[PDB]
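Residues 2 to 90, 156 to 174, 220 to 274, 280 to 346, numbered by PDB author numbering, are exactly what the sequence shown covers, in order.
Following: one structure in structure tokens, then a few remarks.
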Amino acid sequence: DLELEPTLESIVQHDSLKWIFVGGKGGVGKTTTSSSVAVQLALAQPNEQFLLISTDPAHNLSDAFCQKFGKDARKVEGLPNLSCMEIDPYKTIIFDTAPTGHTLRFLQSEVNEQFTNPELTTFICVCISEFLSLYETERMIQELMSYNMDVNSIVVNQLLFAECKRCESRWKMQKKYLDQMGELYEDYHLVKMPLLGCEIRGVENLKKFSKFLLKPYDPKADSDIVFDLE
Ligand SMILES: Nc1ncnc2c1ncn2[C@@H]1O[C@H](COP(=O)(O)OP(=O)(O)O)[C@@H](O)[C@H]1O
Ligand SMILES: [Mg+2]
Ligand code: NA
Ligand SMILES: [Zn+2]
């Protein structure tokens, strides 16, 4: 079977991973995706300890989790096996690389043997379906491949789906690039994630978002999620 599952299932069930990097253009949903992945990992294996670290020069994790984080790791309230860390420079470390274009200088020696080992390290690209993000995602992947960092999954986030005149017009754009991505990323897990009815904040909402990272979102059947955030 040549059609890869459009999910992060292969990554979250990849028991040997030590590093899960998350990268992409500013605003595409790296805080959201990296936090949701970390929440899923923590929930699935409650006896193992997970760290979510962000290099974003922002209180991104703090605002997403509604809890104060910093340079020292601190456990997430309600998920005692997940810690978060915000540092402007564990079974698995999930690593939001914001700003990705700069952090890709930092990821540059026994750590390197870890990074270039596909059994220990993967890099999830996040993008939105518009020209700049797509083309910068292509560029980022080419660069990661040249440094032998594994990439097998790409999240396309903030999608509107079939069917509001503005939304119809915007979906016309989105699907044009989505169709292009389908072809570009045939050898990849290409996860289609919908735009929700509000920002994604708090552990409960992050958990809900993470559901469709692991099971393919069907806009005809699953659209309650858009309005299901509290
Ligand atoms: N699928 C989505 N639906 C609704 N809001 C989203 C979605 N993805 C991200 N967001 C929101 O969009 C904003 C940017 O997302 P964020 O994950 O912080 O991007 P990044 O970390 O890539 O800069 C945040 O305020 C976040 O709550
Ligand atoms: Mg930024
Ligand atoms: Na390669
Ligand atoms: Zn609309």
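C-beta atoms are modelled at their ideal positions from N, C-alpha and C, and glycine is treated no differently.
Continuous alpha helix (DSSP H) stretch holding residue i: start and end
i: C283; result: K281 to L300
i: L330; result: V319 to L330
i: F172; result: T166 to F172
i: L255; result: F242 to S257
Beta-carbon proximity check, residue i vs residue j, cutoff 8 Å
i: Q41; j: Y156; result: no
i: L255; j: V38; result: no
i: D73; j: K31; result: no
i: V237; j: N268; result: yes
i: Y293; j: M309; result: no
i: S244; j: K26; result: yes
i: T33; j: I235; result: no
i: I159; j: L270; result: no
i: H305; j: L9; result: yes
i: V307; j: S264; result: yes
Delimiting residues of the beta strand (DSSP E) encompassing residue i
i: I265; result: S264 to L270
i: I160; result: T158 to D162
i: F234; result: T232 to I239
i: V222; result: First-last for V222: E221 to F226, but that is the alpha helix (DSSP H), not the beta strand (DSSP E).
i: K308; result: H305 to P310
Classification of residue i by the beta-carbon crowding that lies within 10 angstroms, buried from 16 upward
i: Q290; result: buried
i: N48; result: exposed
i: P7; result: buried
i: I88; result: exposed
i: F226; result: buried
i: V29; result: buried
i: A45; result: exposed
i: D57; result: buried
i: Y258; result: exposed
i: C85; result: buried
i: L18; result: buried
i: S36; result: buried
i: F66; result: buried
Cβ-heavy atom distance, residue i to ligand 6, below 7 Å
i: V319; result: Among the ligands in the structure shown, ligand 6 does not appear; only ligand 1, ligand 2, ligand 3 and ligand 4 can be found there.
key: Completely contained beta strand (DSSP E) runs for the stretch 14–79, where each covers 3 or more residues   = Every beta strand (DSSP E) of 3 residues or more that sits fully in the stretch 14–79 is shown, in chain order, as 20–24, 51–55 and 75–77.
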